[PDB]
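Peer 1: My structure file run.cif, mmCIF, C-alpha atoms, is below:
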data_upload
#
loop_
_atom_site.group_PDB
_atom_site.id
_atom_site.type_symbol
_atom_site.label_atom_id
_atom_site.label_comp_id
_atom_site.auth_asym_id
_atom_site.auth_seq_id
_atom_site.Cartn_x
_atom_site.Cartn_y
_atom_site.Cartn_z
ATOM 1 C CA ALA A 39 0.000 0.000 0.000
ATOM 2 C CA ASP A 40 0.770 3.629 -0.769
ATOM 3 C CA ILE A 41 -1.721 5.309 1.659
ATOM 4 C CA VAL A 42 -2.548 8.896 0.595
ATOM 5 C CA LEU A 43 -2.677 10.946 3.785
ATOM 6 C CA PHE A 44 -3.028 14.274 2.067
ATOM 7 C CA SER A 45 -3.557 15.314 -1.475
ATOM 8 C CA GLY A 46 -3.961 18.778 -2.962
ATOM 9 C CA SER A 47 -2.339 22.075 -1.979
ATOM 10 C CA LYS A 48 -1.948 23.408 1.526
ATOM 11 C CA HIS A 49 0.206 26.474 2.182
ATOM 12 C CA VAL A 50 1.544 27.040 5.735
ATOM 13 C CA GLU A 51 3.003 30.288 7.239
ATOM 14 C CA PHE A 52 5.486 30.117 10.060
ATOM 15 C CA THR A 53 7.900 32.949 10.590
ATOM 16 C CA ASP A 54 9.179 32.921 14.171
ATOM 17 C CA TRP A 55 9.092 31.082 17.473
ATOM 18 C CA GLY A 56 7.493 34.157 19.130
ATOM 19 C CA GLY A 57 4.235 33.722 17.113
ATOM 20 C CA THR A 58 0.761 32.751 18.205
ATOM 21 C CA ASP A 59 1.096 29.209 16.755
ATOM 22 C CA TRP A 60 3.297 26.651 15.021
ATOM 23 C CA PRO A 61 1.053 25.290 12.289
ATOM 24 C CA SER A 62 1.200 21.924 10.509
ATOM 25 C CA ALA A 63 1.009 20.634 6.981
ATOM 26 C CA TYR A 64 -0.513 17.509 8.644
ATOM 27 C CA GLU A 65 -1.231 16.410 12.277
ATOM 28 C CA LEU A 66 -2.589 13.386 14.154
ATOM 29 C CA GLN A 67 -3.289 12.724 17.804
ATOM 30 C CA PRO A 68 -3.186 8.949 18.107
ATOM 31 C CA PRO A 69 -5.184 8.801 21.340
ATOM 32 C CA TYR A 70 -8.168 10.744 19.926
ATOM 33 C CA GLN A 71 -8.367 9.555 16.268
ATOM 34 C CA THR A 72 -8.265 6.343 14.249
ATOM 35 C CA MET A 73 -4.784 5.862 12.653
ATOM 36 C CA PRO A 74 -4.765 6.045 8.819
ATOM 37 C CA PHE A 75 -1.645 3.910 8.653
ATOM 38 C CA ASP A 76 -0.093 1.157 10.817
ATOM 39 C CA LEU A 77 2.812 2.244 13.096
ATOM 40 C CA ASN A 78 3.780 -1.298 13.917
ATOM 41 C CA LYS A 79 4.584 -1.967 10.255
ATOM 42 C CA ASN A 80 7.685 -0.586 8.662
ATOM 43 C CA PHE A 81 6.544 2.731 7.301
ATOM 44 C CA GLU A 82 7.911 5.683 5.415
ATOM 45 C CA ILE A 83 6.320 9.129 5.263
ATOM 46 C CA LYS A 84 6.863 10.815 1.888
ATOM 47 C CA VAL A 85 5.990 14.515 1.534
ATOM 48 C CA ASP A 86 5.714 16.525 -1.723
ATOM 49 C CA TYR A 87 6.573 20.055 -0.687
ATOM 50 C CA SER A 88 8.075 23.452 -1.444
ATOM 51 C CA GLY A 89 9.668 26.239 0.560
ATOM 52 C CA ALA A 90 10.621 25.863 4.250
ATOM 53 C CA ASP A 91 12.629 22.981 5.688
ATOM 54 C CA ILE A 92 10.194 20.353 6.977
ATOM 55 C CA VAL A 93 10.387 18.124 10.044
ATOM 56 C CA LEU A 94 8.421 15.180 11.348
ATOM 57 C CA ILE A 95 7.581 15.040 15.018
ATOM 58 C CA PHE A 96 6.480 12.138 17.300
ATOM 59 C CA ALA A 97 5.716 13.425 20.798
ATOM 60 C CA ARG A 98 4.622 11.887 24.122
ATOM 61 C CA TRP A 99 3.558 14.505 26.729
ATOM 62 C CA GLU A 100 5.100 14.408 30.141
ATOM 63 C CA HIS A 101 2.932 12.170 32.335
ATOM 64 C CA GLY A 102 3.605 11.314 35.950
ATOM 65 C CA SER A 103 7.382 10.963 36.206
ATOM 66 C CA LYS A 104 7.790 9.574 32.654
ATOM 67 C CA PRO A 105 9.274 12.667 30.858
ATOM 68 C CA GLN A 106 8.132 14.341 27.693
ATOM 69 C CA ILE A 107 9.539 13.040 24.390
ATOM 70 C CA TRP A 108 9.593 15.460 21.499
ATOM 71 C CA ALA A 109 11.229 13.568 18.697
ATOM 72 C CA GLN A 110 11.790 15.960 15.774
ATOM 73 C CA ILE A 111 13.546 14.468 12.707
ATOM 74 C CA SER A 112 14.736 15.967 9.325
ATOM 75 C CA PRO A 113 14.134 13.853 6.175
ATOM 76 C CA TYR A 114 16.315 10.797 5.432
ATOM 77 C CA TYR A 115 16.561 12.285 1.933
ATOM 78 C CA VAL A 116 14.876 14.948 -0.157
ATOM 79 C CA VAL A 117 14.845 14.264 -3.888
ATOM 80 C CA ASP A 118 13.200 16.186 -6.694
ATOM 81 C CA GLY A 119 10.913 17.948 -4.042
ATOM 82 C CA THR A 120 9.862 14.883 -1.992
ATOM 83 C CA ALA A 121 11.144 14.419 1.577
ATOM 84 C CA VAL A 122 11.246 10.839 2.982
ATOM 85 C CA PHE A 123 11.212 10.201 6.716
ATOM 86 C CA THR A 124 11.588 6.530 7.811
ATOM 87 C CA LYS A 125 10.341 4.567 10.819
ATOM 88 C CA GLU A 126 14.045 3.789 11.666
ATOM 89 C CA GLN A 127 14.774 7.513 11.943
ATOM 90 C CA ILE A 128 11.759 8.397 14.110
ATOM 91 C CA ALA A 129 12.025 5.321 16.308
ATOM 92 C CA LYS A 130 15.702 6.311 16.910
ATOM 93 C CA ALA A 131 14.673 9.915 17.908
ATOM 94 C CA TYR A 132 11.703 8.693 19.923
ATOM 95 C CA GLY A 133 13.917 6.286 21.954
ATOM 96 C CA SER A 134 12.187 3.061 20.796
ATOM 97 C CA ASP A 135 9.614 1.803 18.332
ATOM 98 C CA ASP A 136 7.111 1.256 21.068
ATOM 99 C CA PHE A 137 4.464 3.813 19.954
ATOM 100 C CA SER A 138 1.910 2.950 22.712
ATOM 101 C CA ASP A 139 1.989 6.214 24.561
ATOM 102 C CA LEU A 140 2.434 8.214 21.325
ATOM 103 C CA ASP A 141 0.405 11.477 21.719
ATOM 104 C CA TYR A 142 1.062 13.551 18.671
ATOM 105 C CA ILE A 143 2.370 13.266 15.098
ATOM 106 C CA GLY A 144 2.998 16.358 13.049
ATOM 107 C CA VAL A 145 4.523 17.413 9.796
ATOM 108 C CA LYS A 146 5.602 20.939 10.422
ATOM 109 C CA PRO A 147 7.717 23.727 8.904
ATOM 110 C CA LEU A 148 10.635 25.360 10.535
ATOM 111 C CA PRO A 149 10.708 29.288 10.459
ATOM 112 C CA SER A 150 11.111 30.871 7.027
ATOM 113 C CA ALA A 151 10.143 33.873 4.934
ATOM 114 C CA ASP A 152 8.091 32.006 2.286
ATOM 115 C CA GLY A 153 6.452 29.320 4.386
ATOM 116 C CA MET A 154 5.867 25.802 3.071
ATOM 117 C CA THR A 155 3.481 24.387 0.531
ATOM 118 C CA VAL A 156 2.487 20.715 0.637
ATOM 119 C CA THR A 157 0.772 19.027 -2.249
ATOM 120 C CA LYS A 158 0.873 15.351 -1.158
ATOM 121 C CA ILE A 159 1.601 13.159 1.857
ATOM 122 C CA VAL A 160 1.871 9.369 1.518
ATOM 123 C CA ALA A 161 2.490 6.552 4.014
ATOM 124 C CA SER A 162 4.209 3.585 2.535
ATOM 125 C CA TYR A 163 5.231 0.137 3.815
ATOM 126 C CA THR A 164 8.841 -1.005 3.242
#
Take the structure in this file and express it as structure tokens.
Peer 2:
Amino acid sequence: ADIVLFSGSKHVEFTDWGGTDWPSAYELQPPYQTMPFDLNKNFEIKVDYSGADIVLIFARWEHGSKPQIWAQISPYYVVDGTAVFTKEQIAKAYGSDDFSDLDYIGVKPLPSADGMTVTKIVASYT
């Protein structure tokens, strides 16, 4: 499967850390939503984009005395305008590939002048 997570054209503005928000090309909260792809399989996220450097985030909020994880990864490669982030890379930044307590997944720009445009996001099994 090539699962189409997003298709079309979505332009995002993000200029500075001081701002009112840090928007996303694409976001999921695994505890509050059905997952559109399987995290226990060996996935890749492929993003067709333009403009700002893009990152993929897997986050677990601080709970009790288990600390917050904010695992923010750059693509494995970007080629001809498509960034590819792999499970290996995110599982390494997250500390494990145990995504049980996973709270948030986002595809987000880093600060720029032009912002980022996304035309397509795909989940893929390796």
Peer 1: Name the closest residue to residue 127 in chain A among the candidates A:58, A:150, A:71, A:112; distances are taken between atoms, counting only C-alpha atoms.
Peer 2: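 Using only C-alpha atoms, residue 127 in chain A sits closest to A:112.
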Peer 1: Using all atoms listed in the file, find the one residue out of A:148, A:140, A:63, A:128 that sits nearest to residue 92 in chain A.
Peer 2: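 Smallest separation from residue 92 in chain A among the options: A:148.
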Peer 1: Which protein, DNA or RNA residues have an atom at most 7 Å from (9.2, 28.3, 5.4), counting all atoms listed in the file? List them as a list in words.
Peer 2: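 In the file's frame, the residues around the point are residues 51, 52, 89, 90, 91, 147, 148, 149, 150, 151, 152, 153 and 154 of chain A.
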Peer 1: Keeping only C-alpha atoms, write the selected residues as a PDB file, in the frame of the given file.
Peer 2:
ATOM      1  CA  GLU A  51       3.003  30.288   7.239  1.00  0.00           C
ATOM      2  CA  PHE A  52       5.486  30.117  10.060  1.00  0.00           C
ATOM      3  CA  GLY A  89       9.668  26.239   0.560  1.00  0.00           C
ATOM      4  CA  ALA A  90      10.621  25.863   4.250  1.00  0.00           C
ATOM      5  CA  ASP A  91      12.629  22.981   5.688  1.00  0.00           C
ATOM      6  CA  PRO A 147       7.717  23.727   8.904  1.00  0.00           C
ATOM      7  CA  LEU A 148      10.635  25.360  10.535  1.00  0.00           C
ATOM      8  CA  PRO A 149      10.708  29.288  10.459  1.00  0.00           C
ATOM      9  CA  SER A 150      11.111  30.871   7.027  1.00  0.00           C
ATOM     10  CA  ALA A 151      10.143  33.873   4.934  1.00  0.00           C
ATOM     11  CA  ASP A 152       8.091  32.006   2.286  1.00  0.00           C
ATOM     12  CA  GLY A 153       6.452  29.320   4.386  1.00  0.00           C
ATOM     13  CA  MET A 154       5.867  25.802   3.071  1.00  0.00           C
TER      14      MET A 154
END
Peer 1: Compare A:93, A:43, A:107, A:160 by their minimum atom-to-atom distance to residue 137 in chain A, counting all atoms listed in the file, and give me the closest one.
Peer 2: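 So, comparing all the options, the nearest one is A:107.
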Peer 1: I need the output of the PyMOL selection byres ((chain A and resi 144) around 9) for this file as a ChimeraX atom specification; which residues are they?
Peer 2: /A:62-67,93-97,142-143,145-146
Peer 1: With only C-alpha atoms as the atoms that count, which of A:111, A:129, A:85, A:117 lies nearest to residue 44 in chain A?
Peer 2: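 For residue 44 in chain A, the nearest of the given residues is A:85.
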Peer 1: Evaluating the PyMOL selection byres ((chain A and resi 49) around 6) on the displayed file yields which residues, as a ChimeraX atom specification?
Peer 2: /A:48,50,154-155
Peer 1: Using the chain letters and residue numbers of this document, give as a list in words the residues selected by the PyMOL selection byres ((chain A and resi 138) around 10).
Peer 2: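 This file, filtered by the PyMOL selection byres ((chain A and resi 138) around 10), leaves residues 68, 69, 77, 78, 98, 135, 136, 137, 139, 140 and 141 of chain A.
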Peer 1: Work out how far CA of residue 73 in chain A is from CA of residue 47 in chain A, in Å to one decimal.
Peer 2: 22.0 Å
Peer 1: Please provide the set of residues having any atom within 12 Å of residue 40 in chain A, restricted to all atoms listed in the file, with same-chain residues fewer than 6 positions apart removed, written as a tab-separated table (two decimals) with C-alpha atoms, keeping the file's coordinate frame.
Peer 2:
chain	number	residue	atom	x	y	z
A	74	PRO	CA	-4.76	6.04	8.82
A	75	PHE	CA	-1.64	3.91	8.65
A	76	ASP	CA	-0.09	1.16	10.82
A	81	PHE	CA	6.54	2.73	7.30
A	82	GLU	CA	7.91	5.68	5.42
A	83	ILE	CA	6.32	9.13	5.26
A	84	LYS	CA	6.86	10.82	1.89
A	158	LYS	CA	0.87	15.35	-1.16
A	159	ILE	CA	1.60	13.16	1.86
A	160	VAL	CA	1.87	9.37	1.52
A	161	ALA	CA	2.49	6.55	4.01
A	162	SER	CA	4.21	3.58	2.54
A	163	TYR	CA	5.23	0.14	3.82
A	164	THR	CA	8.84	-1.00	3.24
Peer 1: Between CA of residue 100 in chain A and CA of residue 132 in chain A, what is the distance in Å, rounded to a tenth?
Peer 2: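 These two atoms are separated by 13.4 Å.
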Peer 1: Padding 6 Å on every side, please: axis-aligned box over the listed atoms of range 89-98 of chain A, centre and edge lengths to one decimal in Å, as lines of an AutoDock Vina configuration file.
Peer 2:
center_x = 8.6
center_y = 19.1
center_z = 12.3
size_x = 20.0
size_y = 26.4
size_z = 35.6
Peer 1: Figure out the distance between CA of residue 110 in chain A and CA of residue 42 in chain A, please, to one decimal in Å.
Peer 2: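 That distance, rounded to one decimal, is 22.0 Å.
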